[PDB]
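Reading through the structure tokens given below for one structure.
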Ligand SMILES: CCCCCCCCCCCCCCCCCC(=O)OC[C@H](COP(=O)(O)OCCN)OC(=O)CCCCCCCCCCCCCCCCC
Ligand SMILES: CC(C)CCC[C@@H](C)[C@H]1CC[C@H]2[C@@H]3CC=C4C[C@@H](OC(=O)CCC(=O)O)CC[C@]4(C)[C@H]3CC[C@]12C
Ligand SMILES: CC(=O)N[C@@H]1[C@@H](O[C@@H]2O[C@H](C(=O)O)[C@@H](O)[C@H](O)[C@H]2O)[C@H](O)[C@@H](CO)O[C@H]1O
Ligand SMILES: O=c1ccn([C@@H]2O[C@H](COP(=O)(O)OP(=O)(O)O)[C@@H](O)[C@H]2O)c(=O)[nH]1
Ligand SMILES: [Mn+2]
Ligand SMILES: [Mn+2]
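Protein chains in written order, with this note's numbering: chain A, 1 to 123; chain B, 124 to 611; chain C, 612 to 735.
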């Protein structure tokens, strides 16, 4: 039983940063990979960024040069940095993790987060 | 006609081995020049790693997966694991993957190659997560086909690294296979070194040194001209474009995989190199019968595919002359050995039998001397015993492959026939030359030579026994694996 | 065992040529070292020439460049061709065989199987 804290977003003007931080739960043996999925009020959910323990990065169709992902594996946390936001970034962001709980023999289980709302509007 | 037959054999073997050594050294120098001038922390070729396994050992599978996970390459897209599974017994490998990697196993009802829609989108939706696929049991080629489809549907992967389910990669194994792909826009495949780690039996040690010779000398000599005949199964790399072009003919044409793929790259007129700085640790059979079975299959594949390298050489221009000569040498070496043994057995002359034995021993000692110099190891002299294996485990396998291709049962009947013939020839020679003459200088030469040879072989075998007693023969990875398996 | 029967030889004047062949009936005329010995009326038996099973030829000091020895394993005959039969060749020639032996191949005791001898005479 693990949970993802989520730092929280809000309402922002176009062209600034968000600094979305997702922190994992307590008792944890290993964390392999963690990603930041996004679900717009439009067409289903999609992927924004994914980061591995070895530093490899998998970006989405709009993250190539706008949003970066950082691990800082000291406290099994993930950070997403947002730049040059536009009005199409209003969505709900979900934290995805692969966590062990019991021991080394326990399998890696995929866990999702509650998510945070990010709205970009000129109002 | 004896002296000519032995001098010709000695020259024909040793001169070609020395030419191969020189070509291998030149290839290694070129590859070391390429490795230098490489920027520090280099990762440019996005790489998809493909593992195909079928009922693997759980410990070795876990070691392989962890060696992949511990690799120091920073631009790996994802790990694609394809299993001939769909059954209850093949779910243990999936469980091991889940306990080392994601819980992202997919169990489609069909194999990709047998469908009107061969795209990987029917089984894959996220190109980010490492994926495990449980195919129906069809074969290695089908699982590799699914791996190609899953890797080629992401428009960012540039190359695929194919490894087996039992290889333990070094931390820089992935980096050193995908780097040569970036050095020449005609290089489409790269072969890595495969090292045997379980040298706790005499057959295993001899096979390990045979692998060292066959990779660091033969494959290096081939790679000097960029015409490597076979890309090693345990560790290979292919560009994604050549995979896209040669995948379909390779799947709609058994054990010719990683040899028919290399062959397709060769008939396309594309270059293939071998890098000795990428090491993957695989194992070798420790039984004579299983070794003979494996060599029978390999020889079947070799005699099936040699007729394509000889017709596709002209595509390489004048660099294919080495390929044609190597094929002719491999054809004629077997016949030369067979004819030489037959002549020496039928004629039954002691001063010629001793001469042949001593010349063969000297040639093998020179080969083992070079192997020890290159490997910086004193155990390479064990290779002097490999001449037995080739005579008693490789000739019957080649004959069986030949008599199967154009014609127990067939598999294990030519082996005992060959052994019985060898024993009969030996007994006939001894019984035909039963006399003692210490006045004759030629008899003194023959007797002293044969006694010296037996003394030398006995000393080498006693050294091997002492090394095996103290566990000095074991490779460091073998000792680590023994300790870890004890811990489990 | 090997049984040896001599053939050839006779009355040849001083300076002529002659041939003496011993035929050995036995299981294996392939591994038998052969030799020829001469017994003279005023002397004793002594080694004059011989050939080993590997076609190595040994000759006596006095007949080093005179005779020529050869063997034929098909017809089982070992032959000695003598040229320029000067005096001291008036002797009985015996053909001897031996399968197992040591460094001493000149003493009459080394060779196990002996023949009956053929007489060769020379007239001045
Ligand atoms: C580290 C370097 C060391 C160098 C020095 C090594 C020692 C050198 C030799 C030292 C002296 C040893 C002499 C040999 C001793 C054994 C022979 C012996 O003692 O008995 C003699 C025997 C016949 O004796 P017998 O029948 O009993 O006669 C009546 C009296 N007893 O005679 C025999 O039966 C001999 C039988 C053996 C014949 C062997 C012929 C084969 C030669 C090699 C060819 C085979 C090659 C392998 C097969 C290949 C097939 C393709
Ligand atoms: C019970 C007794 C009568 C059996 C007699 C044994 C021999 C008939 C066998 C045993 C070891 C064999 C030898 C082992 C290896 C070779 C190498 C083989 O081919 C090579 O030379 C390739 C290896 C190299 O390049 O040196 C030639 C025959 C030969 C000498 C074999 C000749 C036949 C031998 C002497
Ligand atoms: C080390 C190496 O490259 N050996 C070549 C053979 O490759 C083997 O292929 C089989 C297989 O069934 O796919 C695997 O089990 C082995 O691990 C591979 O090493 C190849 O089949 C053969 C064909 O000519 O040539 C060898 O050199
Ligand atoms: O029908 C098959 C037979 C083998 N393999 C796999 O391809 C490799 C072949 O190695 P093998 O088991 O034959 O032993 P080796 O030849 O390496 O000694 C192994 O990873 C197998 O699991 C497969 O995928 N389908
Ligand atoms: Mn295995
Ligand atoms: Mn294997």
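For each residue, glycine too, the CB sits at the ideal point set by N, CA and C.
Name the residue from the options whose alpha carbon lies nearest to the alpha carbon of residue i.
i                      : options                    : result
residue 301 of chain B : B/447, B/476, B/195, B/146 : B/195
residue 387 of chain B : B/432, B/244, B/604        : B/432
residue 255 of chain B : B/312, B/173, B/311        : B/173
residue 108 of chain A : B/217, B/242, B/434, B/248 : B/217
residue 183 of chain B : B/259, B/287, B/138        : B/287
residue 271 of chain B : B/175, B/448, B/428, B/470 : B/175
residue 276 of chain B : B/507, B/246, B/536        : B/246
residue 24 of chain A  : A/34, A/17, A/18           : A/34
residue 357 of chain B : B/297, B/322, B/308        : B/297
residue 440 of chain B : B/238, B/350, B/143, B/127 : B/350
residue 711 of chain C : C/634, C/673, C/641        : C/641
residue 713 of chain C : B/128, B/568, B/289, B/560 : B/560
residue 143 of chain B : B/328, B/220, B/346, B/197 : B/346
residue 126 of chain B : B/518, B/484, B/477, B/493 : B/477
residue 200 of chain B : B/206, B/191, B/412, B/407 : B/191
residue 516 of chain B : B/604, B/443, B/419, B/602 : B/419
residue 615 of chain B : B/180, B/307, B/240        : Because chain B in this structure spans residues 124 to 611, residue 615 of chain B falls outside the shown range and cannot be described.
Kindly indicate if chain B contains any beta-carbon less than 8 Å away from that of residue i.
i                      : result
residue 770 of chain C : As shown, chain C starts at 612 and ends at 735. That puts residue 770 of chain C outside it, with no answer to give.
residue 109 of chain A : yes
residue 21 of chain A  : no
residue 670 of chain C : no
residue 47 of chain A  : yes
residue 35 of chain A  : yes
residue 16 of chain A  : no
residue 713 of chain C : yes
residue 32 of chain A  : yes
residue 656 of chain C : no
residue 38 of chain A  : no
residue 716 of chain C : yes
residue 663 of chain C : yes
Does residue i get closer than 8 Å to chain C when you measure Cβ to Cβ?
i                      : result
residue 468 of chain B : no
residue 478 of chain B : no
residue 559 of chain B : yes
residue 395 of chain B : no
residue 548 of chain B : no
residue 566 of chain B : yes
residue 474 of chain B : yes
Would you call the CB atoms of residue i and residue j closer than 8 Å?
i                      : j                      : result
residue 365 of chain B : residue 393 of chain B : yes
residue 303 of chain B : residue 362 of chain B : no
residue 60 of chain A  : residue 49 of chain A  : yes
residue 572 of chain B : residue 481 of chain B : yes
residue 460 of chain B : residue 534 of chain B : no
residue 733 of chain C : residue 683 of chain C : no
residue 677 of chain C : residue 690 of chain C : no
residue 483 of chain B : residue 523 of chain B : no
Just checking my contact of residue i with residue j at CB under 8 Å: how many whole Å lie between their CB atoms?
i                      : j                      : result
residue 644 of chain C : residue 663 of chain C : 5 Å
residue 401 of chain B : residue 341 of chain B : Wrong, their Cβ atoms sit about 17 Å apart, outside the cutoff.
residue 331 of chain B : residue 319 of chain B : 4 Å
residue 620 of chain C : residue 692 of chain C : The pair is not a contact, with the Cβ atoms about 12 Å apart (cut-off 8 Å).
residue 697 of chain C : residue 625 of chain C : 5 Å
residue 474 of chain B : residue 568 of chain B : 7 Å
residue 146 of chain B : residue 344 of chain B : 4 Å
residue 234 of chain B : residue 189 of chain B : That pair is no contact at about 28 Å.
residue 78 of chain A  : residue 116 of chain A : Going by Cβ atoms, the distance from residue 78 of chain A to residue 116 of chain A rounds to 13 Å, so no, they are not a contact pair.
Shorter than 8 Å from the beta carbon of residue i to some beta carbon of chain A?
i                      : result
residue 199 of chain B : yes
residue 251 of chain B : yes
residue 224 of chain B : yes
residue 294 of chain B : no
Can you list the alpha helix (DSSP H) stretches of 4 or more residues lying completely in the region 490-517 of chain B, in chain order?
-> 509-512
Where in the region 146-186 of chain B do unbroken runs of the beta strand (DSSP E), each at least 3 residues long, occur, reported from the N-terminal end onward?
-> 170-176
Just jot down, in chain order, the residues whose CB lies closer than 7 Å to any heavy atom of ligand 7.
-> By its list of ligands, the structure shown excludes ligand 7, since it contains just ligand 1, ligand 2, ligand 3, ligand 4, ligand 5 and ligand 6.
Counting only runs that start and end within the region 396-429 of chain B, where is the beta strand (DSSP E) found for 3 or more residues in a row?
-> none
What residue ranges within the region 282-362 of chain B form continuous beta strand (DSSP E) runs of no fewer than 3 residues, ordered along the chain?
-> 282-286, 310-319, 358-362
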